[PDB]
Amino acid sequence: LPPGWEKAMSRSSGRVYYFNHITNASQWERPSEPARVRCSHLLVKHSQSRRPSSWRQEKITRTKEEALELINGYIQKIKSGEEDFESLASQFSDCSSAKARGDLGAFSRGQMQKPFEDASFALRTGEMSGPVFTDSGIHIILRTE
Ligand SMILES: O=C(O)c1nc(-c2ccccc2)[nH]c1C(=O)O
């Protein structure tokens, strides 16, 4: 299979599903290099973040495990269609790019933290990552171009 993708088996149900270890995406359907990609993201910061402060909150005190729970609820809502990505990003992302629906503009390799970079370049146009961990906190990344 395509890059980072391994087949796995559901604990709840027993059907196979696919997992991507670079992006942390998982999906049921079988899955399916650019100089540049364009991504949006939703960042949730925690107490061990490189900069534990955001436009949302002067001192970020939530723990990493609590940050991960928030990320997972936003991923559930985005995948069920209850909320869309841009709207959760605008309200709840700890990055100042929240003001632009999460949009970061296009970027190439060499520019982002490697785990964010690697995730962005492994996603396909249109695809969303699972929780992606960097020194900033925890990201959900949407590749738009
Ligand atoms: O300080 C931080 O740690 C931070 N890191 C980021 C970020 C942006 C693009 C890709 C990955 C992380 N945004 C912020 C921020 O507060 O606004």
# chains A, B, ... in the order shown; residues from 1 in each chain; ligands from 1
call {"tool": "residues_near_ligand", "arguments": {"ligand": "ligand 1", "cutoff": "6 Å", "atoms": "only C-alpha atoms and all ligand atoms", "output": "ChimeraX atom specification"}}
result
/A:50-51,54,95-96,112,136
call {"tool": "write_last_selection", "arguments": {"atoms": "N, CA, C and O atoms", "output": "short mmCIF file (atom, residue, chain, number, x, y, z; two decimals), in the first residue's frame"}}
result
data_model
loop_
_atom_site.label_atom_id
_atom_site.label_comp_id
_atom_site.auth_asym_id
_atom_site.auth_seq_id
_atom_site.Cartn_x
_atom_site.Cartn_y
_atom_site.Cartn_z
N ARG A 50 5.97 23.63 24.05
CA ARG A 50 7.06 24.62 23.93
C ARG A 50 6.62 26.04 24.34
O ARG A 50 7.36 26.72 25.05
N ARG A 51 5.41 26.48 23.95
CA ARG A 51 4.87 27.78 24.37
C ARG A 51 3.47 27.66 24.99
O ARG A 51 2.49 27.90 24.29
N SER A 54 -1.75 30.85 24.53
CA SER A 54 -2.40 31.04 23.22
C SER A 54 -3.35 32.25 23.22
O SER A 54 -3.63 32.79 24.29
N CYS A 95 -3.62 27.98 17.92
CA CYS A 95 -2.68 28.65 17.03
C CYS A 95 -3.38 29.89 16.50
O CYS A 95 -4.62 29.91 16.41
N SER A 96 -2.63 30.95 16.20
CA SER A 96 -3.24 32.18 15.82
C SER A 96 -3.81 32.07 14.41
O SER A 96 -4.62 32.95 14.00
N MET A 112 8.36 23.26 8.39
CA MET A 112 7.67 22.91 9.63
C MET A 112 8.45 21.95 10.56
O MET A 112 9.44 21.35 10.17
N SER A 136 4.70 21.83 19.80
CA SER A 136 3.61 22.80 20.02
C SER A 136 2.40 22.28 20.77
O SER A 136 1.68 23.07 21.39
#
call {"tool": "select_by_dssp", "arguments": {"residues": "segment 50-107 of chain A", "states": "strand (DSSP E)", "output": "PDB file with C-alpha atoms, in the first residue's frame"}}
result
ATOM      1  CA  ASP A 103      -5.159  27.781   7.119  1.00  0.00           C
ATOM      2  CA  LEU A 104      -1.453  27.921   7.079  1.00  0.00           C
ATOM      3  CA  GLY A 105      -0.812  28.637   3.393  1.00  0.00           C
ATOM      4  CA  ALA A 106       1.413  26.409   1.258  1.00  0.00           C
ATOM      5  CA  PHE A 107       4.800  25.348   2.516  1.00  0.00           C
TER       6      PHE A 107
END
call {"tool": "residues_around", "arguments": {"residues": "segment 80-84 of chain A", "least_positions_apart": "5", "cutoff": "12 Å", "atoms": "only C-alpha atoms", "output": "MDAnalysis selection string"}}
result
chainID A and resid 42 73:75 89:92 101:102 128 142
call {"tool": "write_last_selection", "arguments": {"atoms": "N, CA, C and O atoms", "output": "CSV table (one decimal), in the first residue's frame"}}
result
chain,number,residue,atom,x,y,z
A,42,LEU,N,-5.6,22.3,13.4
A,42,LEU,CA,-6.3,22.7,14.6
A,42,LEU,C,-5.3,22.2,15.7
A,42,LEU,O,-5.0,21.0,15.8
A,73,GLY,N,-12.2,14.2,20.4
A,73,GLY,CA,-13.7,14.6,20.3
A,73,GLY,C,-13.8,15.5,19.1
A,73,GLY,O,-14.8,15.4,18.4
A,74,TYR,N,-12.8,16.3,18.8
A,74,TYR,CA,-13.0,17.1,17.6
A,74,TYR,C,-12.9,16.2,16.3
A,74,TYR,O,-13.7,16.5,15.4
A,75,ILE,N,-12.0,15.2,16.3
A,75,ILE,CA,-12.0,14.3,15.2
A,75,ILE,C,-13.3,13.5,15.1
A,75,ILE,O,-13.8,13.2,14.0
A,89,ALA,N,-11.7,24.6,14.2
A,89,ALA,CA,-10.4,25.3,14.1
A,89,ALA,C,-10.6,26.8,14.6
A,89,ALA,O,-9.8,27.3,15.4
A,90,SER,N,-11.7,27.4,14.1
A,90,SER,CA,-11.8,28.8,14.3
A,90,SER,C,-12.0,29.0,15.8
A,90,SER,O,-11.5,30.0,16.4
A,91,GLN,N,-12.9,28.2,16.4
A,91,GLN,CA,-13.2,28.4,17.8
A,91,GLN,C,-12.2,27.9,18.8
A,91,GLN,O,-12.0,28.5,19.9
A,92,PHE,N,-11.5,26.7,18.5
A,92,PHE,CA,-10.8,25.9,19.5
A,92,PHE,C,-9.3,25.7,19.2
A,92,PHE,O,-8.7,25.1,20.1
A,101,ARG,N,-9.4,30.1,9.8
A,101,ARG,CA,-10.0,28.7,9.7
A,101,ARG,C,-8.9,27.6,9.8
A,101,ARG,O,-9.1,26.5,9.3
A,102,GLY,N,-7.7,27.9,10.4
A,102,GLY,CA,-6.7,26.9,10.5
A,102,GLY,C,-5.7,27.0,9.3
A,102,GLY,O,-4.6,26.3,9.4
A,128,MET,N,-7.5,14.1,6.1
A,128,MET,CA,-7.3,14.6,7.4
A,128,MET,C,-6.4,13.6,8.2
A,128,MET,O,-6.6,12.4,8.1
A,142,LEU,N,-5.4,19.1,8.0
A,142,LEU,CA,-6.2,18.9,6.8
A,142,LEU,C,-5.4,19.4,5.7
A,142,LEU,O,-5.0,20.5,5.6
call {"tool": "atom_distance", "arguments": {"atom1": "atom CA of residue 29 of chain A", "atom2": "atom CA of residue 141 of chain A"}}
result
19.7 Å
call {"tool": "closest_residue", "arguments": {"among": "A:11, A:30, A:36, A:21", "to": "residue 110 of chain A", "atoms": "only C-alpha atoms"}}
result
A:36
call {"tool": "select_by_dssp", "arguments": {"residues": "chain A", "states": "alpha helix (DSSP H)", "output": "NGL selection string"}}
result
:A and (64-80 or 85-92 or 114-122)
call {"tool": "write_last_selection", "arguments": {"atoms": "N, CA and C atoms", "output": "short mmCIF file (atom, residue, chain, number, x, y, z; two decimals), in the first residue's frame"}}
result
data_model
loop_
_atom_site.label_atom_id
_atom_site.label_comp_id
_atom_site.auth_asym_id
_atom_site.auth_seq_id
_atom_site.Cartn_x
_atom_site.Cartn_y
_atom_site.Cartn_z
N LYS A 64 -1.13 16.93 28.74
CA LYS A 64 -1.08 16.27 27.42
C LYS A 64 -2.22 15.28 27.16
N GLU A 65 -2.60 14.52 28.17
CA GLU A 65 -3.64 13.46 28.03
C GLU A 65 -5.00 14.10 27.83
N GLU A 66 -5.20 15.24 28.46
CA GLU A 66 -6.43 16.04 28.34
C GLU A 66 -6.58 16.74 26.95
N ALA A 67 -5.47 17.28 26.46
CA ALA A 67 -5.27 17.75 25.08
C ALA A 67 -5.58 16.69 24.07
N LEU A 68 -5.07 15.48 24.29
CA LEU A 68 -5.42 14.39 23.39
C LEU A 68 -6.95 14.08 23.45
N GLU A 69 -7.55 14.04 24.62
CA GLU A 69 -9.01 13.83 24.62
C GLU A 69 -9.77 14.88 23.84
N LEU A 70 -9.32 16.15 23.91
CA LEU A 70 -10.03 17.23 23.20
C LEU A 70 -9.93 17.00 21.70
N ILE A 71 -8.70 16.80 21.21
CA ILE A 71 -8.42 16.41 19.81
C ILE A 71 -9.31 15.27 19.28
N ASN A 72 -9.35 14.16 20.01
CA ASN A 72 -10.22 13.02 19.66
C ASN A 72 -11.72 13.40 19.57
N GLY A 73 -12.24 14.24 20.45
CA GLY A 73 -13.65 14.61 20.34
C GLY A 73 -13.81 15.47 19.08
N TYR A 74 -12.80 16.27 18.76
CA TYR A 74 -13.00 17.11 17.58
C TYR A 74 -12.91 16.24 16.34
N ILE A 75 -12.02 15.24 16.33
CA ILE A 75 -11.97 14.29 15.23
C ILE A 75 -13.33 13.51 15.11
N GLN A 76 -13.98 13.19 16.22
CA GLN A 76 -15.22 12.42 16.07
C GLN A 76 -16.28 13.31 15.41
N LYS A 77 -16.34 14.56 15.83
CA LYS A 77 -17.32 15.47 15.32
C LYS A 77 -17.09 15.82 13.89
N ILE A 78 -15.83 16.00 13.50
CA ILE A 78 -15.55 16.27 12.14
C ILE A 78 -15.93 15.07 11.25
N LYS A 79 -15.60 13.85 11.68
CA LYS A 79 -15.93 12.66 10.87
C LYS A 79 -17.42 12.34 10.83
N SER A 80 -18.18 12.70 11.85
CA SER A 80 -19.60 12.46 11.79
C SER A 80 -20.33 13.58 11.03
N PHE A 85 -14.43 21.09 10.15
CA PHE A 85 -13.05 21.32 10.56
C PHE A 85 -12.76 22.83 10.83
N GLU A 86 -13.15 23.64 9.87
CA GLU A 86 -12.87 25.06 9.84
C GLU A 86 -13.55 25.65 11.03
N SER A 87 -14.70 25.12 11.37
CA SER A 87 -15.44 25.83 12.40
C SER A 87 -14.83 25.53 13.78
N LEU A 88 -14.49 24.28 14.03
CA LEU A 88 -13.72 23.87 15.24
C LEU A 88 -12.35 24.50 15.32
N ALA A 89 -11.68 24.64 14.18
CA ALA A 89 -10.41 25.31 14.15
C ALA A 89 -10.57 26.79 14.58
N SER A 90 -11.66 27.43 14.10
CA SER A 90 -11.81 28.84 14.33
C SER A 90 -12.04 29.04 15.83
N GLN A 91 -12.86 28.19 16.41
CA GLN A 91 -13.23 28.35 17.80
C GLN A 91 -12.18 27.86 18.80
N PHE A 92 -11.55 26.72 18.48
CA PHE A 92 -10.82 25.93 19.47
C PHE A 92 -9.34 25.71 19.21
N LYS A 114 9.42 18.53 11.99
CA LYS A 114 9.39 17.37 11.13
C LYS A 114 8.06 16.54 11.29
N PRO A 115 7.52 16.36 12.51
CA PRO A 115 6.37 15.47 12.53
C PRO A 115 5.16 16.09 11.83
N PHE A 116 5.04 17.41 11.90
CA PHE A 116 3.98 18.11 11.20
C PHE A 116 4.26 18.03 9.73
N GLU A 117 5.52 18.22 9.35
CA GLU A 117 5.85 18.16 7.91
C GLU A 117 5.55 16.81 7.29
N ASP A 118 5.99 15.78 8.00
CA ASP A 118 5.86 14.43 7.50
C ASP A 118 4.40 14.07 7.32
N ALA A 119 3.57 14.52 8.27
CA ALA A 119 2.15 14.18 8.23
C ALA A 119 1.53 14.87 7.01
N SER A 120 1.91 16.13 6.81
CA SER A 120 1.25 16.95 5.78
C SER A 120 1.55 16.38 4.47
N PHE A 121 2.81 15.97 4.26
CA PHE A 121 3.21 15.42 2.94
C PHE A 121 2.77 14.00 2.69
N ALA A 122 2.42 13.25 3.75
CA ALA A 122 1.81 11.90 3.57
C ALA A 122 0.33 11.94 3.32
#
call {"tool": "closest_residue", "arguments": {"among": "A:97, A:23, A:134, A:10", "to": "residue 113 of chain A", "atoms": "only C-alpha atoms"}}
result
A:134
call {"tool": "atom_distance", "arguments": {"atom1": "atom CA of residue 93 of chain A", "atom2": "atom CA of residue 32 of chain A"}}
result
28.9 Å
call {"tool": "atom_distance", "arguments": {"atom1": "atom CA of residue 26 of chain A", "atom2": "atom CA of residue 139 of chain A"}}
result
15.3 Å
call {"tool": "residues_around", "arguments": {"residues": "segment 56-63 of chain A", "least_positions_apart": "4", "cutoff": "8 Å", "atoms": "only C-alpha atoms", "output": "number ranges by chain"}}
result
A: 45-48, 52, 67, 92, 94
call {"tool": "write_last_selection", "arguments": {"atoms": "N, CA, C and O atoms", "output": "mmCIF file, in the first residue's frame"}}
result
data_model
loop_
_atom_site.group_PDB
_atom_site.id
_atom_site.type_symbol
_atom_site.label_atom_id
_atom_site.label_comp_id
_atom_site.auth_asym_id
_atom_site.auth_seq_id
_atom_site.Cartn_x
_atom_site.Cartn_y
_atom_site.Cartn_z
ATOM 1 N N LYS A 45 -2.973 22.850 22.572
ATOM 2 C CA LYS A 45 -1.773 22.976 23.432
ATOM 3 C C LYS A 45 -1.906 22.311 24.795
ATOM 4 O O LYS A 45 -3.000 22.070 25.290
ATOM 5 N N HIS A 46 -0.799 21.928 25.391
ATOM 6 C CA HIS A 46 -0.906 21.406 26.761
ATOM 7 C C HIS A 46 0.244 21.974 27.619
ATOM 8 O O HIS A 46 1.134 22.666 27.078
ATOM 9 N N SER A 47 0.229 21.654 28.924
ATOM 10 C CA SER A 47 1.223 22.200 29.873
ATOM 11 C C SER A 47 2.690 21.950 29.497
ATOM 12 O O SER A 47 3.548 22.724 29.890
ATOM 13 N N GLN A 48 2.990 20.880 28.764
ATOM 14 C CA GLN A 48 4.385 20.699 28.307
ATOM 15 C C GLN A 48 4.661 21.257 26.906
ATOM 16 O O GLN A 48 5.773 21.004 26.363
ATOM 17 N N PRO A 52 3.349 27.327 26.316
ATOM 18 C CA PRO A 52 2.065 26.995 26.949
ATOM 19 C C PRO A 52 1.120 28.204 27.094
ATOM 20 O O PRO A 52 0.624 28.489 28.194
ATOM 21 N N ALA A 67 -5.472 17.280 26.459
ATOM 22 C CA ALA A 67 -5.269 17.752 25.078
ATOM 23 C C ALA A 67 -5.581 16.687 24.069
ATOM 24 O O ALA A 67 -6.303 16.947 23.114
ATOM 25 N N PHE A 92 -11.548 26.722 18.482
ATOM 26 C CA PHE A 92 -10.819 25.930 19.469
ATOM 27 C C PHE A 92 -9.343 25.705 19.214
ATOM 28 O O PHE A 92 -8.699 25.146 20.071
ATOM 29 N N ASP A 94 -5.446 26.510 19.287
ATOM 30 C CA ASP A 94 -4.524 27.353 20.104
ATOM 31 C C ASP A 94 -3.440 28.011 19.228
ATOM 32 O O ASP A 94 -2.452 28.564 19.723
#
call {"tool": "decode", "arguments": {"residues": "segment 5-144 of chain A", "atoms": "C-alpha atoms", "output": "PDB file, in the first residue's frame"}}
result
ATOM      1  CA  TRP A   5      -0.276   2.606   5.455  1.00  0.00           C
ATOM      2  CA  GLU A   6      -0.560  -0.776   7.135  1.00  0.00           C
ATOM      3  CA  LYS A   7      -3.587  -3.064   7.386  1.00  0.00           C
ATOM      4  CA  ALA A   8      -4.977  -3.717  10.789  1.00  0.00           C
ATOM      5  CA  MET A   9      -7.866  -5.424  12.567  1.00  0.00           C
ATOM      6  CA  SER A  10     -10.645  -3.841  14.623  1.00  0.00           C
ATOM      7  CA  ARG A  11     -10.679  -4.701  18.377  1.00  0.00           C
ATOM      8  CA  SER A  12     -14.409  -3.908  18.634  1.00  0.00           C
ATOM      9  CA  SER A  13     -15.608  -5.741  15.520  1.00  0.00           C
ATOM     10  CA  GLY A  14     -13.061  -7.904  13.664  1.00  0.00           C
ATOM     11  CA  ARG A  15     -13.143  -6.185  10.242  1.00  0.00           C
ATOM     12  CA  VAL A  16      -9.865  -5.070   8.775  1.00  0.00           C
ATOM     13  CA  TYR A  17      -9.179  -1.290   8.547  1.00  0.00           C
ATOM     14  CA  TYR A  18      -6.204   0.787   7.479  1.00  0.00           C
ATOM     15  CA  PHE A  19      -3.925   2.828   9.695  1.00  0.00           C
ATOM     16  CA  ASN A  20      -1.314   5.404   8.620  1.00  0.00           C
ATOM     17  CA  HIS A  21       1.639   5.670  10.993  1.00  0.00           C
ATOM     18  CA  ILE A  22       2.907   9.001   9.636  1.00  0.00           C
ATOM     19  CA  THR A  23      -0.458  10.840   9.797  1.00  0.00           C
ATOM     20  CA  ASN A  24      -2.186   8.636  12.384  1.00  0.00           C
ATOM     21  CA  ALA A  25      -5.246   8.432  10.107  1.00  0.00           C
ATOM     22  CA  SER A  26      -7.372   5.364  10.258  1.00  0.00           C
ATOM     23  CA  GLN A  27     -10.165   4.435   7.929  1.00  0.00           C
ATOM     24  CA  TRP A  28     -12.130   1.353   6.780  1.00  0.00           C
ATOM     25  CA  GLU A  29     -11.697   1.695   2.969  1.00  0.00           C
ATOM     26  CA  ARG A  30      -8.399   0.601   1.416  1.00  0.00           C
ATOM     27  CA  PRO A  31      -6.263   3.815   0.919  1.00  0.00           C
ATOM     28  CA  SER A  32      -6.509   5.468  -2.578  1.00  0.00           C
ATOM     29  CA  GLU A  33       6.022  13.746  -4.430  1.00  0.00           C
ATOM     30  CA  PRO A  34       4.712  17.401  -4.478  1.00  0.00           C
ATOM     31  CA  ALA A  35       7.301  20.150  -3.747  1.00  0.00           C
ATOM     32  CA  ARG A  36       4.586  22.002  -1.908  1.00  0.00           C
ATOM     33  CA  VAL A  37       1.379  21.288  -0.013  1.00  0.00           C
ATOM     34  CA  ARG A  38      -1.193  23.460   1.595  1.00  0.00           C
ATOM     35  CA  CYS A  39      -2.647  22.544   4.935  1.00  0.00           C
ATOM     36  CA  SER A  40      -4.953  23.717   7.607  1.00  0.00           C
ATOM     37  CA  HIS A  41      -4.632  22.544  11.275  1.00  0.00           C
ATOM     38  CA  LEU A  42      -6.326  22.655  14.626  1.00  0.00           C
ATOM     39  CA  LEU A  43      -3.872  22.863  17.471  1.00  0.00           C
ATOM     40  CA  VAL A  44      -4.563  21.851  21.048  1.00  0.00           C
ATOM     41  CA  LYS A  45      -1.773  22.976  23.432  1.00  0.00           C
ATOM     42  CA  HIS A  46      -0.906  21.406  26.761  1.00  0.00           C
ATOM     43  CA  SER A  47       1.223  22.200  29.873  1.00  0.00           C
ATOM     44  CA  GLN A  48       4.385  20.699  28.307  1.00  0.00           C
ATOM     45  CA  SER A  49       3.958  22.637  25.006  1.00  0.00           C
ATOM     46  CA  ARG A  50       7.059  24.622  23.933  1.00  0.00           C
ATOM     47  CA  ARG A  51       4.873  27.783  24.371  1.00  0.00           C
ATOM     48  CA  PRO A  52       2.065  26.995  26.949  1.00  0.00           C
ATOM     49  CA  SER A  53       0.069  30.130  25.990  1.00  0.00           C
ATOM     50  CA  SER A  54      -2.404  31.035  23.221  1.00  0.00           C
ATOM     51  CA  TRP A  55      -4.857  33.735  22.008  1.00  0.00           C
ATOM     52  CA  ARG A  56      -7.440  31.562  23.785  1.00  0.00           C
ATOM     53  CA  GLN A  57      -5.821  31.266  27.127  1.00  0.00           C
ATOM     54  CA  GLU A  58      -2.932  33.153  28.793  1.00  0.00           C
ATOM     55  CA  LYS A  59      -1.615  30.122  30.660  1.00  0.00           C
ATOM     56  CA  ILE A  60      -2.345  26.697  29.158  1.00  0.00           C
ATOM     57  CA  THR A  61      -2.600  24.305  32.107  1.00  0.00           C
ATOM     58  CA  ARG A  62      -4.378  21.284  30.568  1.00  0.00           C
ATOM     59  CA  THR A  63      -2.286  18.095  30.585  1.00  0.00           C
ATOM     60  CA  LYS A  64      -1.085  16.266  27.416  1.00  0.00           C
ATOM     61  CA  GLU A  65      -3.640  13.461  28.031  1.00  0.00           C
ATOM     62  CA  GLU A  66      -6.432  16.040  28.335  1.00  0.00           C
ATOM     63  CA  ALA A  67      -5.269  17.752  25.078  1.00  0.00           C
ATOM     64  CA  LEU A  68      -5.419  14.388  23.390  1.00  0.00           C
ATOM     65  CA  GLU A  69      -9.008  13.832  24.618  1.00  0.00           C
ATOM     66  CA  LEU A  70     -10.032  17.228  23.201  1.00  0.00           C
ATOM     67  CA  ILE A  71      -8.424  16.407  19.810  1.00  0.00           C
ATOM     68  CA  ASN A  72     -10.224  13.024  19.662  1.00  0.00           C
ATOM     69  CA  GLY A  73     -13.654  14.610  20.337  1.00  0.00           C
ATOM     70  CA  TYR A  74     -12.996  17.105  17.582  1.00  0.00           C
ATOM     71  CA  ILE A  75     -11.972  14.289  15.234  1.00  0.00           C
ATOM     72  CA  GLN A  76     -15.215  12.423  16.072  1.00  0.00           C
ATOM     73  CA  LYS A  77     -17.324  15.472  15.318  1.00  0.00           C
ATOM     74  CA  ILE A  78     -15.546  16.271  12.139  1.00  0.00           C
ATOM     75  CA  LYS A  79     -15.931  12.665  10.866  1.00  0.00           C
ATOM     76  CA  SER A  80     -19.604  12.458  11.792  1.00  0.00           C
ATOM     77  CA  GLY A  81     -20.339  15.790  10.085  1.00  0.00           C
ATOM     78  CA  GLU A  82     -21.763  17.298  13.341  1.00  0.00           C
ATOM     79  CA  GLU A  83     -19.120  20.095  13.121  1.00  0.00           C
ATOM     80  CA  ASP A  84     -16.780  20.997  10.310  1.00  0.00           C
ATOM     81  CA  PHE A  85     -13.052  21.321  10.563  1.00  0.00           C
ATOM     82  CA  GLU A  86     -12.868  25.060   9.842  1.00  0.00           C
ATOM     83  CA  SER A  87     -15.436  25.831  12.399  1.00  0.00           C
ATOM     84  CA  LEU A  88     -13.721  23.870  15.235  1.00  0.00           C
ATOM     85  CA  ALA A  89     -10.411  25.315  14.146  1.00  0.00           C
ATOM     86  CA  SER A  90     -11.808  28.838  14.332  1.00  0.00           C
ATOM     87  CA  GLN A  91     -13.227  28.354  17.803  1.00  0.00           C
ATOM     88  CA  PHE A  92     -10.819  25.930  19.469  1.00  0.00           C
ATOM     89  CA  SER A  93      -7.368  25.948  17.840  1.00  0.00           C
ATOM     90  CA  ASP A  94      -4.524  27.353  20.104  1.00  0.00           C
ATOM     91  CA  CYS A  95      -2.676  28.647  17.029  1.00  0.00           C
ATOM     92  CA  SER A  96      -3.236  32.183  15.822  1.00  0.00           C
ATOM     93  CA  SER A  97      -4.069  30.635  12.412  1.00  0.00           C
ATOM     94  CA  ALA A  98      -7.435  29.850  14.033  1.00  0.00           C
ATOM     95  CA  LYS A  99      -8.370  33.354  12.691  1.00  0.00           C
ATOM     96  CA  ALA A 100      -7.906  31.989   9.223  1.00  0.00           C
ATOM     97  CA  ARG A 101      -9.970  28.735   9.703  1.00  0.00           C
ATOM     98  CA  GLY A 102      -6.685  26.903  10.499  1.00  0.00           C
ATOM     99  CA  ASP A 103      -5.159  27.781   7.119  1.00  0.00           C
ATOM    100  CA  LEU A 104      -1.453  27.921   7.079  1.00  0.00           C
ATOM    101  CA  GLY A 105      -0.812  28.637   3.393  1.00  0.00           C
ATOM    102  CA  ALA A 106       1.413  26.409   1.258  1.00  0.00           C
ATOM    103  CA  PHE A 107       4.800  25.348   2.516  1.00  0.00           C
ATOM    104  CA  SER A 108       7.463  22.871   1.422  1.00  0.00           C
ATOM    105  CA  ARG A 109       9.881  20.548   3.186  1.00  0.00           C
ATOM    106  CA  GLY A 110      12.322  22.325   5.417  1.00  0.00           C
ATOM    107  CA  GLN A 111       9.766  24.690   6.978  1.00  0.00           C
ATOM    108  CA  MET A 112       7.667  22.913   9.633  1.00  0.00           C
ATOM    109  CA  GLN A 113       8.510  20.719  12.644  1.00  0.00           C
ATOM    110  CA  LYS A 114       9.391  17.374  11.127  1.00  0.00           C
ATOM    111  CA  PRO A 115       6.367  15.470  12.527  1.00  0.00           C
ATOM    112  CA  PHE A 116       3.977  18.107  11.196  1.00  0.00           C
ATOM    113  CA  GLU A 117       5.846  18.162   7.905  1.00  0.00           C
ATOM    114  CA  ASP A 118       5.862  14.429   7.498  1.00  0.00           C
ATOM    115  CA  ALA A 119       2.150  14.179   8.232  1.00  0.00           C
ATOM    116  CA  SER A 120       1.254  16.950   5.783  1.00  0.00           C
ATOM    117  CA  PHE A 121       3.210  15.421   2.938  1.00  0.00           C
ATOM    118  CA  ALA A 122       1.812  11.904   3.573  1.00  0.00           C
ATOM    119  CA  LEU A 123      -1.760  13.049   3.459  1.00  0.00           C
ATOM    120  CA  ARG A 124      -3.386  13.275   0.077  1.00  0.00           C
ATOM    121  CA  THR A 125      -5.217  16.331  -1.165  1.00  0.00           C
ATOM    122  CA  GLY A 126      -8.410  16.446   0.913  1.00  0.00           C
ATOM    123  CA  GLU A 127      -7.390  13.991   3.648  1.00  0.00           C
ATOM    124  CA  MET A 128      -7.256  14.613   7.385  1.00  0.00           C
ATOM    125  CA  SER A 129      -4.678  13.246   9.833  1.00  0.00           C
ATOM    126  CA  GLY A 130      -5.273  11.767  13.259  1.00  0.00           C
ATOM    127  CA  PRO A 131      -3.700  13.406  16.325  1.00  0.00           C
ATOM    128  CA  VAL A 132      -0.141  14.531  15.375  1.00  0.00           C
ATOM    129  CA  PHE A 133       2.253  15.287  18.210  1.00  0.00           C
ATOM    130  CA  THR A 134       4.914  18.044  18.001  1.00  0.00           C
ATOM    131  CA  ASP A 135       6.589  20.390  20.481  1.00  0.00           C
ATOM    132  CA  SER A 136       3.615  22.798  20.019  1.00  0.00           C
ATOM    133  CA  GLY A 137       1.008  20.338  21.236  1.00  0.00           C
ATOM    134  CA  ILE A 138      -1.399  18.104  19.339  1.00  0.00           C
ATOM    135  CA  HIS A 139      -2.592  18.756  15.789  1.00  0.00           C
ATOM    136  CA  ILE A 140      -5.293  17.594  13.455  1.00  0.00           C
ATOM    137  CA  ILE A 141      -4.042  18.432   9.968  1.00  0.00           C
ATOM    138  CA  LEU A 142      -6.236  18.895   6.841  1.00  0.00           C
ATOM    139  CA  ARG A 143      -4.361  18.854   3.508  1.00  0.00           C
ATOM    140  CA  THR A 144      -6.161  21.265   1.136  1.00  0.00           C
TER     141      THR A 144
END
